[PDB]
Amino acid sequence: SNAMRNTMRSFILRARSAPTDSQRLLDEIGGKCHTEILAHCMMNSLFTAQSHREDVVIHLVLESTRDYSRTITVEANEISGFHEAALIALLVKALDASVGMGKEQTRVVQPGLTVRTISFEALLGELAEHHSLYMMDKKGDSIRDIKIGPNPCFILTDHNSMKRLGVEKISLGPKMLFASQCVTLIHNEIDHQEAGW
């Protein structure tokens, strides 16, 4: 193996129960669709105590729709608080800007915030090229026992087409965890591997 330099970390939250409708989104906070998890995932994936993390991208694929899913891409680099309402707000903003889009389309919302009518599977297609793709599997190999690829990208669900795309299964531990908790764990293991300890 090579001595890696620090690379982009990406995450994909497949929120299949999540409304693409701006208002039905704020409605599901604490509701059966559990819309808080998106905000926590955003928090954990982009923020530490001191700073925001450099070079992180989260893709939120909001699926529950009358037409196309909205893929909301947040980039820690250009996104100039971390509580549930403020991050959920970033979403509503991007959702409002997506209304009336047709298929296979892209709309800049603000610096480092984009919305796209791209399928989950199509999006994987694009990331599959130059990213190391990973998914969660209680029966996958412990993450502490693999060498995490460069430009890694982690599929988290709010819950073989995959094997074709080179998607490798990993596990973070014995227990079932919130997607938001998976984020912190992933980040931490790459922080270790990068630091060498």
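Just count from 1 along the sequence shown to find any residue number.
In this entry, no coordinate-free residues of the deposited sequence separate residue 130 from residue 131. As recorded in the PDB entry, 10-18 is the stretch of 184-192 and 10-18 with the greater mean C-alpha temperature factor. Set 173-181 against 19-27 and average the Cα temperature factors; 19-27 ends up higher.
The residue among 155, 143, 58, 162 whose C-alpha atom has the highest B-factor in the PDB entry is 162.
The PDB entry assigns residue 71 a C-alpha temperature factor belonging to the middle third of its chain's modelled residues. Ranked by C-alpha B-factor against the other modelled residues of its chain, residue 115 falls in the middle third.
In this PDB entry, the Cα temperature factor of residue 88 sits in the top third of its chain's modelled residues, the highest group. In the deposited entry, the Cα temperature factor of residue 124 sits in the bottom third of values across the chain's modelled residues.
For residue 34, the recorded CA B-factor ranks within the highest third of the chain. Only modelled residues enter the ranking.
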